[PDB]
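Asks: run.pdb is reproduced below (PDB, C-alpha atoms).
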```pdb
ATOM      1  CA  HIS A   1    -128.679 109.322 230.044
ATOM      2  CA  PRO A   2    -126.841 106.545 231.882
ATOM      3  CA  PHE A   3    -127.031 105.681 235.578
ATOM      4  CA  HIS A   4    -124.311 104.265 237.866
ATOM      5  CA  UNK A   5    -125.892 103.510 241.251
ATOM      6  CA  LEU A   6    -121.892 102.917 245.001
TER
ATOM      7  CA  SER B   1    -144.929  84.146 250.604
ATOM      8  CA  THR B   2    -143.823  85.267 247.129
ATOM      9  CA  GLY B   3    -144.098  88.598 245.166
ATOM     10  CA  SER B   4    -143.983  89.474 241.446
ATOM     11  CA  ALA B   5    -143.977  93.026 240.123
ATOM     12  CA  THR B   6    -143.611  94.348 236.596
ATOM     13  CA  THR B   7    -140.587  96.533 235.916
ATOM     14  CA  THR B   8    -140.774  99.018 233.016
ATOM     15  CA  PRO B   9    -138.060 101.055 231.225
ATOM     16  CA  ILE B  10    -138.332 104.773 231.869
ATOM     17  CA  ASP B  11    -137.104 105.690 228.343
ATOM     18  CA  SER B  12    -136.652 104.137 224.906
ATOM     19  CA  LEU B  13    -132.892 103.809 225.697
ATOM     20  CA  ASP B  14    -133.675 101.630 228.748
ATOM     21  CA  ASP B  15    -131.475 103.881 230.910
ATOM     22  CA  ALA B  16    -133.240 102.544 234.027
ATOM     23  CA  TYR B  17    -136.176 100.399 235.104
ATOM     24  CA  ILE B  18    -138.995 101.348 237.500
ATOM     25  CA  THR B  19    -141.209  98.988 239.533
ATOM     26  CA  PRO B  20    -144.317 100.092 241.478
ATOM     27  CA  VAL B  21    -144.056  99.570 245.251
ATOM     28  CA  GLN B  22    -146.729 100.237 247.892
ATOM     29  CA  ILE B  23    -145.723 102.185 251.021
ATOM     30  CA  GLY B  24    -147.821 103.211 254.028
ATOM     31  CA  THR B  25    -151.420 102.723 255.153
ATOM     32  CA  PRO B  26    -153.403 103.070 253.287
ATOM     33  CA  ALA B  27    -150.991 102.483 250.404
ATOM     34  CA  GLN B  28    -148.991 105.111 248.539
ATOM     35  CA  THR B  29    -147.666 103.700 245.252
ATOM     36  CA  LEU B  30    -144.203 105.007 244.284
ATOM     37  CA  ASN B  31    -142.205 103.891 241.214
ATOM     38  CA  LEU B  32    -138.773 102.898 242.487
ATOM     39  CA  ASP B  33    -135.515 101.996 240.741
ATOM     40  CA  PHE B  34    -134.529  98.582 242.109
ATOM     41  CA  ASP B  35    -130.794  98.846 242.659
ATOM     42  CA  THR B  36    -128.846  95.672 243.380
ATOM     43  CA  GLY B  37    -125.731  97.842 243.834
ATOM     44  CA  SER B  38    -126.958  99.817 246.839
ATOM     45  CA  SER B  39    -128.609  99.086 250.151
ATOM     46  CA  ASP B  40    -130.925 101.990 250.933
ATOM     47  CA  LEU B  41    -134.689 102.243 250.416
ATOM     48  CA  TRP B  42    -135.136 105.952 249.738
ATOM     49  CA  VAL B  43    -138.132 107.930 248.511
ATOM     50  CA  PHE B  44    -139.084 111.522 247.581
ATOM     51  CA  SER B  45    -141.250 112.825 250.381
ATOM     52  CA  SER B  46    -143.227 115.525 252.168
ATOM     53  CA  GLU B  47    -139.911 116.616 253.629
ATOM     54  CA  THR B  48    -137.964 116.846 250.353
ATOM     55  CA  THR B  49    -136.955 120.434 249.500
ATOM     56  CA  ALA B  50    -139.672 121.824 247.195
ATOM     57  CA  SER B  51    -137.011 123.281 244.882
ATOM     58  CA  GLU B  52    -135.800 119.738 244.319
ATOM     59  CA  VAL B  53    -139.016 117.899 243.388
ATOM     60  CA  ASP B  54    -140.128 118.176 239.729
ATOM     61  CA  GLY B  55    -143.251 115.986 238.993
ATOM     62  CA  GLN B  56    -142.129 112.987 241.098
ATOM     63  CA  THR B  57    -144.654 111.295 243.373
ATOM     64  CA  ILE B  58    -143.865 111.912 247.049
ATOM     65  CA  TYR B  59    -144.442 109.733 250.045
ATOM     66  CA  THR B  60    -146.343 111.654 252.732
ATOM     67  CA  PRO B  61    -145.490 109.926 255.978
ATOM     68  CA  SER B  62    -148.167 111.963 257.737
ATOM     69  CA  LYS B  63    -150.968 110.158 255.832
ATOM     70  CA  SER B  64    -149.668 106.710 256.758
ATOM     71  CA  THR B  65    -151.113 105.200 259.927
ATOM     72  CA  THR B  66    -148.336 102.659 259.847
ATOM     73  CA  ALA B  67    -145.622 105.314 259.619
ATOM     74  CA  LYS B  68    -143.315 106.199 262.534
ATOM     75  CA  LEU B  69    -140.270 108.449 262.954
ATOM     76  CA  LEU B  70    -137.039 106.548 263.742
ATOM     77  CA  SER B  71    -135.918 109.295 266.126
ATOM     78  CA  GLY B  72    -132.288 110.361 265.742
ATOM     79  CA  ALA B  73    -131.888 108.129 262.666
ATOM     80  CA  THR B  74    -130.246 109.749 259.641
ATOM     81  CA  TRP B  75    -128.987 108.876 256.136
ATOM     82  CA  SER B  76    -126.602 110.146 253.458
ATOM     83  CA  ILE B  77    -125.801 108.226 250.273
ATOM     84  CA  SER B  78    -123.335 108.912 247.433
ATOM     85  CA  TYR B  79    -123.224 107.051 244.133
ATOM     86  CA  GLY B  80    -120.631 106.418 241.434
ATOM     87  CA  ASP B  81    -122.971 108.609 239.372
ATOM     88  CA  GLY B  82    -121.842 111.363 241.717
ATOM     89  CA  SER B  83    -125.561 111.367 242.624
ATOM     90  CA  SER B  84    -126.419 112.365 246.200
ATOM     91  CA  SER B  85    -129.379 111.948 248.534
ATOM     92  CA  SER B  86    -129.921 112.407 252.283
ATOM     93  CA  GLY B  87    -132.448 112.889 255.067
ATOM     94  CA  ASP B  88    -134.312 111.286 257.946
ATOM     95  CA  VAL B  89    -135.950 107.934 258.339
ATOM     96  CA  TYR B  90    -139.316 106.297 259.023
ATOM     97  CA  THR B  91    -140.614 102.776 259.568
ATOM     98  CA  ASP B  92    -143.638 101.691 257.587
ATOM     99  CA  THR B  93    -145.240  98.737 255.778
ATOM    100  CA  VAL B  94    -143.860  98.190 252.267
ATOM    101  CA  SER B  95    -145.382  95.892 249.636
ATOM    102  CA  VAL B  96    -143.786  94.713 246.370
ATOM    103  CA  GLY B  97    -146.072  92.712 244.106
ATOM    104  CA  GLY B  98    -148.125  91.551 247.087
ATOM    105  CA  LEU B  99    -145.115  90.558 249.239
ATOM    106  CA  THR B 100    -145.533  92.690 252.354
ATOM    107  CA  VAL B 101    -142.893  93.706 254.859
ATOM    108  CA  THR B 102    -143.698  95.571 258.033
ATOM    109  CA  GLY B 103    -141.274  97.870 259.825
ATOM    110  CA  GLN B 104    -139.238  98.410 256.678
ATOM    111  CA  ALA B 105    -136.885 101.374 257.027
ATOM    112  CA  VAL B 106    -138.135 104.050 254.618
ATOM    113  CA  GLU B 107    -135.541 106.768 254.286
ATOM    114  CA  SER B 108    -137.222 110.033 253.469
ATOM    115  CA  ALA B 109    -135.262 112.542 251.428
ATOM    116  CA  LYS B 110    -134.976 116.078 252.722
ATOM    117  CA  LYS B 111    -132.217 116.530 250.183
ATOM    118  CA  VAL B 112    -131.658 115.207 246.676
ATOM    119  CA  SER B 113    -129.152 115.929 243.841
ATOM    120  CA  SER B 114    -129.876 117.587 240.500
ATOM    121  CA  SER B 115    -129.615 114.170 238.805
ATOM    122  CA  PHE B 116    -132.615 112.974 240.808
ATOM    123  CA  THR B 117    -134.698 116.141 240.532
ATOM    124  CA  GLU B 118    -134.282 115.991 236.742
ATOM    125  CA  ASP B 119    -135.494 112.413 236.645
ATOM    126  CA  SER B 120    -139.269 112.735 236.820
ATOM    127  CA  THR B 121    -140.014 109.007 236.450
ATOM    128  CA  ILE B 122    -138.025 107.927 239.494
ATOM    129  CA  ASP B 123    -139.658 108.348 242.898
ATOM    130  CA  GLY B 124    -136.669 106.831 244.715
ATOM    131  CA  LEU B 125    -134.569 103.715 245.114
ATOM    132  CA  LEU B 126    -134.995 100.213 246.562
ATOM    133  CA  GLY B 127    -131.487  98.908 247.272
ATOM    134  CA  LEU B 128    -130.965  95.152 246.912
ATOM    135  CA  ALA B 129    -127.244  94.719 247.703
ATOM    136  CA  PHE B 130    -126.123  93.451 251.129
ATOM    137  CA  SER B 131    -127.225  95.297 254.270
ATOM    138  CA  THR B 132    -123.652  96.132 255.280
ATOM    139  CA  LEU B 133    -123.835  98.950 252.727
ATOM    140  CA  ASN B 134    -126.881 100.598 254.215
ATOM    141  CA  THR B 135    -126.251 104.168 255.241
ATOM    142  CA  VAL B 136    -128.586 104.963 258.116
ATOM    143  CA  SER B 137    -127.050 106.119 261.403
ATOM    144  CA  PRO B 138    -126.415 105.692 264.092
ATOM    145  CA  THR B 139    -128.384 102.447 263.864
ATOM    146  CA  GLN B 140    -127.853 100.670 260.506
ATOM    147  CA  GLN B 141    -130.937  99.245 258.760
ATOM    148  CA  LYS B 142    -131.769  96.171 256.734
ATOM    149  CA  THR B 143    -132.838  95.950 253.096
ATOM    150  CA  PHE B 144    -136.342  94.927 251.951
ATOM    151  CA  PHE B 145    -134.979  91.602 250.674
ATOM    152  CA  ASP B 146    -133.355  90.847 254.064
ATOM    153  CA  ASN B 147    -136.635  91.742 255.794
ATOM    154  CA  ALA B 148    -138.543  89.393 253.474
ATOM    155  CA  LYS B 149    -136.065  86.518 253.307
ATOM    156  CA  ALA B 150    -137.314  84.477 256.241
ATOM    157  CA  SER B 151    -140.943  84.852 255.076
ATOM    158  CA  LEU B 152    -140.114  83.818 251.543
ATOM    159  CA  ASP B 153    -140.554  80.381 250.071
ATOM    160  CA  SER B 154    -136.937  80.568 248.861
ATOM    161  CA  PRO B 155    -134.571  83.391 249.950
ATOM    162  CA  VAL B 156    -134.177  84.586 246.422
ATOM    163  CA  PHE B 157    -135.235  87.152 243.887
ATOM    164  CA  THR B 158    -134.788  86.877 240.134
ATOM    165  CA  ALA B 159    -134.217  89.727 237.643
ATOM    166  CA  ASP B 160    -135.696  89.526 234.148
ATOM    167  CA  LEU B 161    -135.101  92.946 232.527
ATOM    168  CA  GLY B 162    -136.668  93.598 229.096
ATOM    169  CA  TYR B 163    -134.943  95.100 226.010
ATOM    170  CA  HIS B 164    -137.224  97.972 225.009
ATOM    171  CA  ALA B 165    -139.951  96.200 226.965
ATOM    172  CA  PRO B 166    -141.247  95.440 230.473
ATOM    173  CA  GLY B 167    -140.022  92.608 232.586
ATOM    174  CA  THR B 168    -140.357  91.127 236.032
ATOM    175  CA  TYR B 169    -138.852  90.986 239.467
ATOM    176  CA  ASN B 170    -139.984  87.877 241.384
ATOM    177  CA  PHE B 171    -139.345  87.251 245.119
ATOM    178  CA  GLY B 172    -139.455  83.824 246.721
ATOM    179  CA  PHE B 173    -139.419  81.680 243.588
ATOM    180  CA  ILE B 174    -137.790  80.807 240.238
ATOM    181  CA  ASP B 175    -140.201  80.905 237.272
ATOM    182  CA  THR B 176    -138.777  77.981 235.283
ATOM    183  CA  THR B 177    -141.071  79.387 232.576
ATOM    184  CA  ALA B 178    -139.037  82.499 232.030
ATOM    185  CA  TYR B 179    -135.644  81.217 230.857
ATOM    186  CA  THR B 180    -134.294  78.730 228.316
ATOM    187  CA  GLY B 181    -132.102  75.719 229.120
ATOM    188  CA  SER B 182    -130.236  75.574 232.425
ATOM    189  CA  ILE B 183    -129.388  78.131 235.115
ATOM    190  CA  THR B 184    -125.632  78.373 235.788
ATOM    191  CA  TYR B 185    -124.929  79.493 239.341
ATOM    192  CA  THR B 186    -121.613  81.106 240.253
ATOM    193  CA  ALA B 187    -119.886  82.091 243.477
ATOM    194  CA  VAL B 188    -120.614  85.450 245.080
ATOM    195  CA  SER B 189    -118.132  87.377 247.245
ATOM    196  CA  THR B 190    -120.042  89.504 249.776
ATOM    197  CA  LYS B 191    -116.887  91.060 251.105
ATOM    198  CA  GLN B 192    -117.520  94.556 249.708
ATOM    199  CA  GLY B 193    -121.260  93.993 250.064
ATOM    200  CA  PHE B 194    -121.962  93.660 246.333
ATOM    201  CA  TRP B 195    -123.402  90.868 244.257
ATOM    202  CA  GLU B 196    -119.839  90.413 243.347
ATOM    203  CA  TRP B 197    -118.779  87.621 241.044
ATOM    204  CA  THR B 198    -116.126  86.463 238.647
ATOM    205  CA  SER B 199    -116.711  85.909 234.918
ATOM    206  CA  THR B 200    -114.681  83.316 233.048
ATOM    207  CA  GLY B 201    -114.009  85.260 229.854
ATOM    208  CA  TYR B 202    -115.423  86.901 226.751
ATOM    209  CA  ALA B 203    -115.906  86.726 222.976
ATOM    210  CA  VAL B 204    -116.443  89.560 220.503
ATOM    211  CA  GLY B 205    -118.968  88.598 217.872
ATOM    212  CA  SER B 206    -118.197  85.296 216.209
ATOM    213  CA  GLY B 207    -114.618  85.443 217.460
ATOM    214  CA  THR B 208    -112.622  83.136 219.718
ATOM    215  CA  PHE B 209    -113.552  83.129 223.424
ATOM    216  CA  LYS B 210    -110.810  84.433 225.679
ATOM    217  CA  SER B 211    -110.606  82.679 229.019
ATOM    218  CA  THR B 212    -109.856  85.541 231.411
ATOM    219  CA  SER B 213    -111.192  86.121 234.935
ATOM    220  CA  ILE B 214    -113.273  89.299 235.034
ATOM    221  CA  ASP B 215    -114.367  90.287 238.560
ATOM    222  CA  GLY B 216    -117.290  92.702 238.777
ATOM    223  CA  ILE B 217    -120.744  93.358 240.252
ATOM    224  CA  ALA B 218    -124.272  92.540 239.149
ATOM    225  CA  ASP B 219    -125.882  95.985 239.263
ATOM    226  CA  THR B 220    -129.429  96.526 237.996
ATOM    227  CA  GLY B 221    -128.987 100.232 238.962
ATOM    228  CA  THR B 222    -126.278 100.901 236.306
ATOM    229  CA  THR B 223    -127.247 101.257 232.622
ATOM    230  CA  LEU B 224    -124.048 100.270 230.889
ATOM    231  CA  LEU B 225    -121.594  97.394 230.738
ATOM    232  CA  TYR B 226    -118.254  98.413 232.281
ATOM    233  CA  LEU B 227    -115.314  96.189 231.483
ATOM    234  CA  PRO B 228    -111.504  96.533 231.633
ATOM    235  CA  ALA B 229    -109.730  98.729 229.076
ATOM    236  CA  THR B 230    -108.205  95.691 227.416
ATOM    237  CA  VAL B 231    -111.573  93.978 226.774
ATOM    238  CA  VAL B 232    -113.438  97.119 225.766
ATOM    239  CA  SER B 233    -110.643  97.975 223.334
ATOM    240  CA  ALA B 234    -110.984  94.537 221.690
ATOM    241  CA  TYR B 235    -114.746  95.141 221.233
ATOM    242  CA  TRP B 236    -114.691  98.500 219.486
ATOM    243  CA  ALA B 237    -111.719  97.459 217.373
ATOM    244  CA  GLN B 238    -114.366  95.469 215.514
ATOM    245  CA  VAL B 239    -116.542  98.500 214.665
ATOM    246  CA  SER B 240    -115.295 100.709 211.819
ATOM    247  CA  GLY B 241    -115.302 104.303 213.026
ATOM    248  CA  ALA B 242    -115.507 103.610 216.746
ATOM    249  CA  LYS B 243    -113.145 105.714 218.877
ATOM    250  CA  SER B 244    -112.862 106.939 222.479
ATOM    251  CA  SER B 245    -113.730 110.669 222.688
ATOM    252  CA  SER B 246    -112.391 113.044 225.331
ATOM    253  CA  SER B 247    -115.287 115.394 224.503
ATOM    254  CA  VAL B 248    -118.180 113.025 225.091
ATOM    255  CA  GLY B 249    -116.281 110.821 227.506
ATOM    256  CA  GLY B 250    -116.224 107.290 226.121
ATOM    257  CA  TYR B 251    -116.439 105.140 223.004
ATOM    258  CA  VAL B 252    -118.787 106.341 220.236
ATOM    259  CA  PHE B 253    -119.492 104.824 216.815
ATOM    260  CA  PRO B 254    -121.117 105.997 213.573
ATOM    261  CA  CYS B 255    -124.849 105.376 213.997
ATOM    262  CA  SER B 256    -124.920 103.622 210.631
ATOM    263  CA  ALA B 257    -122.496 100.949 211.845
ATOM    264  CA  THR B 258    -123.352  97.367 212.869
ATOM    265  CA  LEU B 259    -122.666  96.335 216.498
ATOM    266  CA  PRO B 260    -121.249  92.826 216.892
ATOM    267  CA  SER B 261    -122.629  90.792 219.798
ATOM    268  CA  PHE B 262    -120.768  90.489 223.089
ATOM    269  CA  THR B 263    -120.384  87.144 224.889
ATOM    270  CA  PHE B 264    -119.645  86.746 228.567
ATOM    271  CA  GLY B 265    -118.697  83.597 230.432
ATOM    272  CA  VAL B 266    -120.625  82.273 233.417
ATOM    273  CA  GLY B 267    -118.805  79.101 234.388
ATOM    274  CA  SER B 268    -118.738  76.840 231.325
ATOM    275  CA  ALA B 269    -121.824  78.710 230.095
ATOM    276  CA  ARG B 270    -121.947  81.762 227.808
ATOM    277  CA  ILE B 271    -124.419  84.658 227.563
ATOM    278  CA  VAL B 272    -124.546  86.670 224.278
ATOM    279  CA  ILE B 273    -125.634  90.296 224.444
ATOM    280  CA  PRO B 274    -127.055  91.098 221.012
ATOM    281  CA  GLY B 275    -125.255  93.957 219.312
ATOM    282  CA  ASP B 276    -128.576  95.882 219.423
ATOM    283  CA  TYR B 277    -128.441  96.182 223.221
ATOM    284  CA  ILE B 278    -125.077  97.820 222.742
ATOM    285  CA  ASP B 279    -126.529 100.792 220.856
ATOM    286  CA  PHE B 280    -127.354 103.814 223.009
ATOM    287  CA  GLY B 281    -128.178 106.011 220.037
ATOM    288  CA  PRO B 282    -127.055 109.476 219.009
ATOM    289  CA  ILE B 283    -124.849 111.183 221.591
ATOM    290  CA  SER B 284    -126.911 114.320 220.852
ATOM    291  CA  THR B 285    -130.217 114.940 219.061
ATOM    292  CA  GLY B 286    -129.511 114.986 215.314
ATOM    293  CA  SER B 287    -126.019 113.589 215.696
ATOM    294  CA  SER B 288    -124.746 110.686 213.653
ATOM    295  CA  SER B 289    -122.376 109.633 216.394
ATOM    296  CA  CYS B 290    -123.991 107.018 218.618
ATOM    297  CA  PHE B 291    -123.123 106.046 222.241
ATOM    298  CA  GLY B 292    -121.790 102.587 222.950
ATOM    299  CA  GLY B 293    -123.159 100.427 225.768
ATOM    300  CA  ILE B 294    -119.758  98.841 226.626
ATOM    301  CA  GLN B 295    -117.352 101.355 228.224
ATOM    302  CA  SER B 296    -114.046 101.160 230.133
ATOM    303  CA  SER B 297    -113.961 100.393 233.881
ATOM    304  CA  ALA B 298    -110.611 102.154 234.251
ATOM    305  CA  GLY B 299    -111.911 105.189 236.082
ATOM    306  CA  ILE B 300    -114.407 103.521 238.445
ATOM    307  CA  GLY B 301    -112.132 100.785 239.831
ATOM    308  CA  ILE B 302    -114.884  98.192 239.619
ATOM    309  CA  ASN B 303    -116.231  96.259 236.632
ATOM    310  CA  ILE B 304    -120.032  96.555 236.455
ATOM    311  CA  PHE B 305    -122.411  94.142 234.762
ATOM    312  CA  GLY B 306    -125.169  96.741 234.357
ATOM    313  CA  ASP B 307    -128.543  96.577 232.564
ATOM    314  CA  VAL B 308    -126.913  95.994 229.134
ATOM    315  CA  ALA B 309    -125.541  92.650 230.357
ATOM    316  CA  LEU B 310    -128.356  91.643 232.733
ATOM    317  CA  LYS B 311    -131.141  92.356 230.217
ATOM    318  CA  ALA B 312    -129.741  89.558 228.091
ATOM    319  CA  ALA B 313    -130.020  86.986 230.880
ATOM    320  CA  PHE B 314    -132.450  85.598 233.391
ATOM    321  CA  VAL B 315    -130.689  86.384 236.642
ATOM    322  CA  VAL B 316    -131.213  84.766 240.060
ATOM    323  CA  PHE B 317    -129.789  86.425 243.149
ATOM    324  CA  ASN B 318    -129.714  83.470 245.563
ATOM    325  CA  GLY B 319    -129.422  85.152 248.950
ATOM    326  CA  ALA B 320    -128.758  82.045 250.979
ATOM    327  CA  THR B 321    -125.846  82.504 253.441
ATOM    328  CA  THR B 322    -123.647  80.979 250.779
ATOM    329  CA  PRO B 323    -125.152  83.418 248.245
ATOM    330  CA  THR B 324    -124.874  82.511 244.577
ATOM    331  CA  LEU B 325    -125.598  84.295 241.291
ATOM    332  CA  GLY B 326    -127.412  82.320 238.547
ATOM    333  CA  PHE B 327    -127.507  83.170 234.813
ATOM    334  CA  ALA B 328    -129.804  81.680 232.211
ATOM    335  CA  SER B 329    -130.450  82.371 228.557
ATOM    336  CA  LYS B 330    -133.844  83.820 227.739
TER
END
```
In structure tokens, write the structure found in this file.
Replies:
Amino acid sequence: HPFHXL
Amino acid sequence: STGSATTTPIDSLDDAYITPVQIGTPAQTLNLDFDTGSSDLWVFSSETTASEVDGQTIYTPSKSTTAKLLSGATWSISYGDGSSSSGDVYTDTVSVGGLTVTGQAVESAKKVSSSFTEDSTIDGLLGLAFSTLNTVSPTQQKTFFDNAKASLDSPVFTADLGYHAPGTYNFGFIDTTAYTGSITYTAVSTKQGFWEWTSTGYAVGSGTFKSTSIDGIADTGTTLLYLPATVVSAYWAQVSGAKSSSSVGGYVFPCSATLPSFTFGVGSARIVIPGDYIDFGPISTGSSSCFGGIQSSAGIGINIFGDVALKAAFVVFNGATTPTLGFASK
């Protein structure tokens, strides 16, 4: 459940 | 003035890390995702649409005696996730680990994406990139680190993320206790407003190190390691069964396989990510295909050193006018 914050 | 707060993974995959922060008077404790790749302090709130909050702790500005509307002030943010959040804005006293900052901009969500609603452990974000990125209009705000900097002993925070384990964010000092050997500092370009730096090459497992410049960002707010197609291809070439899937949208490998380590170059230094950090487990429950933690940058246009890379190092973000980025072994 990855995250890539701009 | 210093501050140390424990950061804790929100899942056994370490998809993200949450740190308790204290907002308002008296204090409301929210768990926020410290994001060195954005610039906005945003929180779920009393104004957030009730069909968009699912077990998250909200900030109620009306119970803070320090809280004040920034009239006319407004925010909208959009991530590489595709994640979205927006609303209005307050000033208030914010404390991280006992480091207190007054009149911090606290951007209260009226609106939040699916992705955020679904994530019950995250109460909002604390952005730790450069203030140029901050979203609030028409008057642009500063970040908590920028607000603290002058107060701090040293204008610096370190990142010490744990693998399957808590770690620490420190503000104002370098715990020489927490790393091994020497810190290697490297030049930061602020020009896009990222902790943007240039890595000196890579090795796959016990292979030869390739000297190649890899430009990308230190981002504690991204889970994975995102590297050019060339480098990522070299890595998986070493794992029997690994392939890029259209379906699942990136490299997967048979869960029974053995991940080689990944080495990245910081100056003449080297940081090895253990192959175990590169395992993101079964793409689906039950599945024997497993998700890799090194993926191609090709479709984002920036290379990201995300939690998979940072968790293997002790990282200093020197925020000193000539900002630098330090790496140590831990």
Asks: Please evaluate the PyMOL selection byres ((chain B and resi 33-40) around 9) against the structure above and give the resulting residues as number ranges by chain.
Replies: A: 4-6; B: 7, 16-19, 31-32, 41-42, 75, 77, 79, 105-107, 122-136, 141-144, 193-195, 217-222
Asks: Excluding range 162-172 of chain B and its own-chain neighbours fewer than 6 positions away, which residues fall within 6 Å of it when counting all atoms listed in the file? Please give them as an mmCIF file with C-alpha atoms, keeping the file's coordinate frame.
Replies:
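For reference, result-v6.cif as written:
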```cif
data_model
loop_
_atom_site.group_PDB
_atom_site.id
_atom_site.type_symbol
_atom_site.label_atom_id
_atom_site.label_comp_id
_atom_site.auth_asym_id
_atom_site.auth_seq_id
_atom_site.Cartn_x
_atom_site.Cartn_y
_atom_site.Cartn_z
ATOM 1 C CA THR B 2 -143.823 85.267 247.129
ATOM 2 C CA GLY B 3 -144.098 88.598 245.166
ATOM 3 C CA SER B 4 -143.983 89.474 241.446
ATOM 4 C CA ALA B 5 -143.977 93.026 240.123
ATOM 5 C CA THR B 6 -143.611 94.348 236.596
ATOM 6 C CA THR B 7 -140.587 96.533 235.916
ATOM 7 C CA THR B 8 -140.774 99.018 233.016
ATOM 8 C CA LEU B 152 -140.114 83.818 251.543
ATOM 9 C CA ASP B 153 -140.554 80.381 250.071
ATOM 10 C CA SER B 154 -136.937 80.568 248.861
ATOM 11 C CA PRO B 155 -134.571 83.391 249.950
ATOM 12 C CA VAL B 156 -134.177 84.586 246.422
ATOM 13 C CA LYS B 311 -131.141 92.356 230.217
#
```
Asks: Using CA of residue 322 in chain B and CA of residue 196 in chain B as the two end points, give the distance in Å to one decimal.
Replies: 12.6 Å
Asks: Looking at B:321, B:29, B:12, B:78, which one is nearest to chain A, with distances taken over all atoms listed in the file?
Replies: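 Looking only at the distances to chain A, the closest residue turns out to be B:78.
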Asks: So what does the PyMOL selection byres ((chain B and resi 249) around 12) actually pick up in this one, as a PyMOL selection string?
Replies: chain B and resi 243-248+250-252+283+291-292+295-296+299
Asks: For this file, the PyMOL selection byres ((chain B and resi 55) around 10) selects which residues, as a VMD selection string?
Replies: chain B and resid 52 to 54 56 to 58 117 to 123
Asks: Box in all listed atoms of range 11-30 of chain B, axis-aligned, with 8 Å more on each side; write out centre and edge lengths in Å to one decimal as lines of an AutoDock Vina configuration file.
Replies:
```
center_x = -142.4
center_y = 102.3
center_z = 240.0
size_x = 37.9
size_y = 22.7
size_z = 46.2
```
Asks: For a quick check of understanding, using only C-alpha atoms, which of B:302, B:313, B:227, B:239 has the smallest distance to residue 274 in chain B?
Replies: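 The answer is B:313, which sits nearest to residue 274 in chain B.
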Asks: Quick one: of B:281, B:319, B:24, B:103, who's nearest to residue 2 in chain A, counting only C-alpha atoms?
Replies: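 Result for the nearest residue to residue 2 in chain A: B:281.
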